[PDB]
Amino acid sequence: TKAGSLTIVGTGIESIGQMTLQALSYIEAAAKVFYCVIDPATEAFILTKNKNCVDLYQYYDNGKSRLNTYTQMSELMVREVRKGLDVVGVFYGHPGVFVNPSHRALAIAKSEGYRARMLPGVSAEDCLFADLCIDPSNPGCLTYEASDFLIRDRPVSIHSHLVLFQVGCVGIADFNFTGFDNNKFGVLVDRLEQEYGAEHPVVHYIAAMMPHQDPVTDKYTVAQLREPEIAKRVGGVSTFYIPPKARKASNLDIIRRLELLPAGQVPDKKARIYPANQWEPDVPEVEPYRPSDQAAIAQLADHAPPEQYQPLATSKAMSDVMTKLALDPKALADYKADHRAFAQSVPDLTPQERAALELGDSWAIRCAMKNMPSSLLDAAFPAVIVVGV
C-alpha cells in the first residue's frame, strides 16, 4: 500500500446540517483539505475542523474555461496524494453529482495506484424530492444537465418526473463571479413547450441553503418562463422540476406474466396511492382513509410483534465499537488491517461479539446484535422494502 489517499466527500446543500457524520470525520482526519462550497457558514465550519484547508473556488475566473479550472482543482488534490498525504476533497451537495473535478481526481489517483474513494452526500435532487414531496419511484425520474438536454436532444417522458440541473447557464462553458448572462434560456423554454405545451407547469426549485430559509418552490407555466421578470429569477442554484402530464397504462402481457390477474381488476391507471403528486396538472383528490386503510388501522389495537421479527439485543460495548468504526477513520483502518488484533483489544465485548468482529462477516455481526427467533431460521436476507408500486 502506497502512502497517499484521496477521499472526496460532500457537504449536502443546506448549511452544515446536511453534511454526513462520515464526511465530517474524514475532514477532521485529513492531512490536507480542498473544498468547494457555496455558503460561508459551511466554509467557516470546515475551517474549524481542519487546520490545513485550501479553497478551490479561487481557481475559477472571469471568462476562464470551467474545464481549465477543473483540471487545476483536480491536480491540486492529486499533487498532495502523490506526496503521500491523506487528502480530502470537499464539494457541496453530493460530490459526484454534476461535478467534474472529483471524478477526474479520483480516476487519476486510482490509475496511479493510490487509495481513492468517494463518499456520497445529499444532492440538490435529494432536496428536491424532500421539498416538493415527490418520490422518484412514482412514476420514475429522468435527470439531465440543461445544456446537455438540449444539445443531445435527450428524451423526455410525459409520464415520469423530469429534473433539469444548471438551467441558469444554458450554453455557457465559462464563468463570471457576478453570475451568468443566461441569454440562451429561451432555447430551453422552446424545448419545454414542444415537449409539454405552453400551459404545463414547471417548478422553479431552490433548496434553502441556510437553516432558517424556506425553499423556493415556484410553479410557472412554460409560457410564463418567457416573461423577463420570471426568467431573471433563474440563477446558478436553480433547478427545474417538470411533473408528468399523464398516467401511463399497464401492460397486459406483464400483468399476466407477473400473475397480478385475479378477476382482471388491477387498479386503473389513475387509481392512485395517497398522496398524489400535487404539482401534476389536474390531479384528482385521493382519499387517505379508504375502507382498506381504516381496516388496517383497526388492526393496530391487537398488534403484537410477529414471531419472525428480530428484536435488537446488543450491548453498550458492541454498539460503542460499531459506532467507532463508523465515526473514527483511524479505528476503521486499524480494524481493516487486522480484524483479530483489533477485536481482541476492544474492552467488555462478549465472546460472540469478539468472534463476530474477528470474522467481519455481516451475518455474524447482525447475529451478535439481533435475537434471531427459532421460527425464522426454520423457515429458511436483510429485506426492508418500503415502496409498493
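We number the residues from 1 along the sequence you see.
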Practice problem: With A380 and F381 adjacent in the shown sequence, let me know how many deposited residues between them lack coordinates: none, 1 to 3, 4 to 9, or 10 or more. | Solution: 10 or more
Exercise. Taking the mean of the C-alpha B-factors per stretch from the entry, tell me the winner out of 367 to 375 and 11 to 19.
Key: 367 to 375
Quiz item: If you average the CA temperature factors over each stretch, which comes out higher, 210 to 218 or 119 to 127?
Solution: 210 to 218
Quiz item: Which one of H161, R226, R79, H94 shows the top CA temperature factor in the record?
Solution: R226
Quiz item: Looking at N183, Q72, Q166, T143, which has the highest Cα B-factor in the entry?
Solution: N183
Quiz prompt | Position of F342 among the chain's modelled residues by C-alpha B-factor, lowest, middle or highest third | solution = highest
Practice problem: Looking at the entry's B-factor column for C-alpha atoms only, identify whether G360 ranks in the lowest, middle or highest third of its chain. | Solution: highest
Quiz prompt | Record-listed C-alpha B factor of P329: chain third | solution = middle
Practice problem: Divide the modelled residues of the chain into thirds by Cα B-factor and specify which third, lowest, middle or highest, holds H204. | Solution: middle
Practice problem: Within this chain's modelled residues, let me know which third the CA B factor of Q194 belongs to: lowest, middle or highest. | Solution: highest
